[PDB]
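Just so you know, the protein sequences line up as chains A and C, in that order.
Note that the first sequence covers residues 0 to 99, 105 to 124 in the authors' numbering.
Note that the second sequence covers residues 0 to 99, 104 to 124 in the authors' numbering.
Take a look at the structure set out below.
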Amino acid sequence: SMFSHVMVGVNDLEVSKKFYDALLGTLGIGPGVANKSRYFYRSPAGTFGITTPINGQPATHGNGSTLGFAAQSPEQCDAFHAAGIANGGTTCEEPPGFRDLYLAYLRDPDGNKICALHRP
Amino acid sequence: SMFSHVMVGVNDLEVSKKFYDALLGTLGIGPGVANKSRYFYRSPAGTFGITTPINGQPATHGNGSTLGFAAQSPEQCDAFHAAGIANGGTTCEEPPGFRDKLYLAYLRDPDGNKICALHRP
């Protein structure tokens, strides 16, 4: 992988662990593993983590930031979207579908924009 | 790869292109390729992109967010760090070094996005 890891800030570690456990579970990842004020979601080719921000201030999303997780099929993209929505996330404007790629976009409980992407 | 792609928001695409060209070139990642109001940095396992935010509002960086680029050695992590400082980025703390075993070099890009290069021996 190009990326060793990606971290996002969260305001409530348990609420976000519940979200990402469900979300990333649809892709075969997780559940999250605690390490200090973080949960890590690890695999042979990448690590994702959620953290309390080190500066002690509220976590926020970055406008223009998107984190894309690879999915093995369009069905996994759909399942990712449904699971995130049912467990604290919110839908983006674009419904899951093909883009001239298959993509499903969501925001996590803190507004971090995420995406499952499948290329057939 | 777990990640298909990562985008960050930037407020000046050409300024950021010149930073990331320099920075990611040290890891062997070829220069940015235009596509709409974005530049993409593709490899065989993952794509990184810099973008003007699609909502037309200013780019910001999220408190708690860190993006890590894989590097093949500690020397590459240091070359990354140097290129970053030479081209508009700022160092964070701590300075580059080993940490429990990993080598890490941290920067902020010209927009305040927090990034690092990481090597695991």
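From the three backbone atoms N, C-alpha and C, an ideal C-beta is built for every residue, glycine too.
On a Cα-Cα basis, can you pick out the residue from the options that is closest to residue i?
i: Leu66 (chain C); options: C:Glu13, C:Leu23, C:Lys17; result: C:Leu23
i: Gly115 (chain A); options: A:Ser42, A:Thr89, A:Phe39, A:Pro94; result: A:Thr89
i: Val14 (chain C); options: C:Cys119, C:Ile49, C:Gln75, C:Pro73; result: C:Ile49
i: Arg123 (chain C); options: C:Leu105, C:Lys117, C:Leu110; result: C:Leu105
i: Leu110 (chain A); options: A:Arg98, A:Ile118, A:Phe68; result: A:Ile118
i: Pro57 (chain A); options: C:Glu93, C:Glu92, C:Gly61, C:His4; result: C:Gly61
i: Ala33 (chain A); options: A:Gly45, A:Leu12, A:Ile53, A:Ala44; result: A:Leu12
i: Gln75 (chain C); options: C:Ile28, C:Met1, C:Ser64, C:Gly55; result: C:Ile28
i: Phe2 (chain A); options: C:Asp99, C:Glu92, C:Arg41, C:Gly63; result: C:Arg41
i: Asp20 (chain A); options: A:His4, A:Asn10, A:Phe47; result: A:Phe47
i: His4 (chain A); options: A:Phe68, A:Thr59, A:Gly55, A:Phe97; result: A:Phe68
i: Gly8 (chain C); options: A:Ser64, A:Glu93, A:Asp99, A:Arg98; result: A:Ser64
Ignore the nearest five residues each way along the sequence and tell me which others in residue i's own chain have a CB closer than 8 Å to its CB.
i: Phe18 (chain C); result: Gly83, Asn86, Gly87, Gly88, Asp112, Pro113
i: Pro43 (chain A); result: none
i: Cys91 (chain A); result: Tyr109, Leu110, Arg111, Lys117
i: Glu93 (chain A); result: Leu107, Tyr109
Let's see if you can read the secondary structure: which residues bound the alpha helix (DSSP H) around residue i?
i: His80 (chain C); result: 73-85
i: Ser15 (chain C); result: 12-24
Enumerate in chain order the residues of its own chain whose CB-to-CB distance from residue i is below 7 Å, with the five nearest sequence positions on each side excluded.
i: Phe79 (chain A); result: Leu22, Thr25, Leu26, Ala70, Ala108, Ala120
i: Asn10 (chain C); result: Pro57, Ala58, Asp114
i: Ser0 (chain A); result: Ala44, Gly45
Identify, in the order they occur along the chain, each residue of the same chain with its Cβ nearer than 6 Å to the Cβ of residue i, setting aside the five sequence neighbours on each side.
i: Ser36 (chain A); result: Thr51
i: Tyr38 (chain C); result: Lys16, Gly31, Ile49
i: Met6 (chain A); result: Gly48, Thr50
Does the beta carbon of residue i fall short of 7 Å from some heavy atom of the ligand COA?
i: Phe47 (chain A); result: As far as ligands go, the structure on display features none, and thus does not contain the ligand COA.
Does the Cβ of residue i have 16 or more other Cβ atoms within 10 Å, making it buried, or fewer, making it exposed?
i: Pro95 (chain C); result: buried
i: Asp77 (chain A); result: buried
i: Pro73 (chain C); result: buried
i: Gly45 (chain C); result: buried
i: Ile53 (chain A); result: exposed
Go to residue i, then tell me how far its beta strand (DSSP E) extends in each direction, as first and last residue.
i: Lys35 (chain A); result: No beta strand (DSSP E) holds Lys35 (chain A); DSSP gives it neither H nor E.
i: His4 (chain C); result: 2-8
i: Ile118 (chain C); result: 117-122
i: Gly48 (chain C); result: 45-50
i: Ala108 (chain C); result: 105-111
i: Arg98 (chain C); result: 96-98
i: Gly67 (chain C); result: 65-69
For the region 3-14 of chain C, which residues have a beta carbon sitting closer than 8 Å to at least one beta carbon of chain A?
-> Contact annotation: in the region 3-14 of chain C, residues whose CB is within less than 8 Å of a CB in chain A are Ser3, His4, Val5, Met6, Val7, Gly8, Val9.
Using a Cβ-Cβ cut-off of less than 9 Å, give me the residues of the region 59-78 of chain A that come near chain C, in sequence order.
-> Result list: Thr59, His60, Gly61, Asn62, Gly63, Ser64, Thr65, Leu66, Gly67, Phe68, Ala69, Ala70.
Quick one, which residues of the region 43-57 of chain C are near chain A if we go by CB-CB under 9 Å, in chain order?
-> Answer set for the region 43-57 of chain C: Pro43, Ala44, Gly45, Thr46, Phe47, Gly48, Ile49, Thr50, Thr51, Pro52, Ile53, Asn54, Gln56, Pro57.
When Cβ atoms are compared, which residues of the region 110-123 of chain A fall closer than 7 Å to chain C?
-> Per Cβ criterion, the list reads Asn116, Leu121.
Output, in sequence order along the chain, the residues in the region 26-42 of chain A whose CB is closer than 9 Å to any CB in chain C.
-> The region 26-42 of chain A vs chain C, Cβ under 9 Å: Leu26, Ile28, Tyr40, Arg41, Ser42.
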